[PDB]
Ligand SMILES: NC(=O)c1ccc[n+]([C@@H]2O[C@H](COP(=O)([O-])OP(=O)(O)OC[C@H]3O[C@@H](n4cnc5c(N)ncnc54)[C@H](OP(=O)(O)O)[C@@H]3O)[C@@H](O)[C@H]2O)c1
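This document starts with one chain, in the form solved without this ligand, laid out as structure tokens.
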């Protein structure tokens, strides 16, 4: 199938991806890079696609390089203001034989969840979000949670909906979660847990719940391979795995 290099291949993250390639039947693992060591090496080895996790300082450089030498790239490095997107967009004009994908999330379950919730939202009068995570976690609600809710809120504003039913005569502080474009979001910090979302939708007689659960820090990898196995047919720049999923 595909020849593949990895950048930042020695982090926690690196190793898991490294392995995932080897383990895969259809993907030949063709390089590895410390962080800032010599990129040339990709071409020498003839890599078709790279997976990048480099410090946002480096990232833009390797990007330019990869694009220049026709290599497509699957990026999960953070820090992409619309300036940086605009840089990349610019790098990519009239090539149509090379792609970039920037996935702020690679947890397919998470992604799919985001996706489906958007699709579902127009049919249910009620909709809330609940998010759960180990207690060490710095911020509440999770980013993912927040995005979910915004996306729901979108789907509703579009396809013009009201606000949702709630006959709560003066509720207790905290008790109805954080409002996020009118979507309640509840954050639960629980020793033993890892990372989990749960989106509930309500209508007459029924509910639909979509819930994602990560058991383990390495859930990104299936994401990344979906990227790698398909970037090859998504030239140019894409942001969000959702788009690679063909939905």
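Residue numbers count along the first chain shown, from 1.
FYI, the form deposited with this ligand bound isn't displayed, but the following is about it.
Enquirer: Where this ligand sits in the bound PDB entry, superposed onto the shown form by the site's C-alphas, are 3 or more of its atoms within 2.4 Å of backbone or C-beta (blocked), or none (open)?
Expert: The pocket is blocked.
Enquirer: Please identify the residue among 78, 164, 150, 119 with any heavy atom within 4.5 Å of this ligand in the bound PDB entry.
Expert: Flagged contact: 78.
Enquirer: Of these, 182, 34, 70, 202, which has a heavy atom no more than 4.5 Å from this ligand in the bound PDB entry?
Expert: For this set of options, the contacting one is 34.
Enquirer: Is residue 13 close to this ligand in the bound PDB entry, meaning a heavy atom pair under 4.5 Å apart or at it?
Expert: Residue 13: contacts this ligand in the bound PDB entry.
Enquirer: Any of the heavy atoms of residue 65 lying within 4.5 Å of this ligand in the bound PDB entry?
Expert: No, residue 65 is distant from the partner.
Enquirer: Is the gap between residue 105 and this ligand in the bound PDB entry 4.5 Å or less for some heavy atom pair?
Expert: Residue 105: yes, in contact with this ligand in the bound PDB entry.
Enquirer: Should residue 54 be classed as touching this ligand in the bound PDB entry when contacts are defined as heavy atoms within 4.5 Å?
Expert: Judged by the heavy-atom cut-off of 4.5 Å, residue 54 is in contact with this ligand in the bound PDB entry.
Enquirer: If contact means any heavy atom within 4.5 Å, which of 204-212, 55-63, 186-194, 22-30 contacts this ligand in the bound PDB entry?
Expert: This holds for exactly one stretch, 55-63.
Enquirer: Mind listing which residues of 195-231 have a heavy atom within 4.5 Å of this ligand in the bound PDB entry?
Expert: Sequence-ordered list has one entry, 220.
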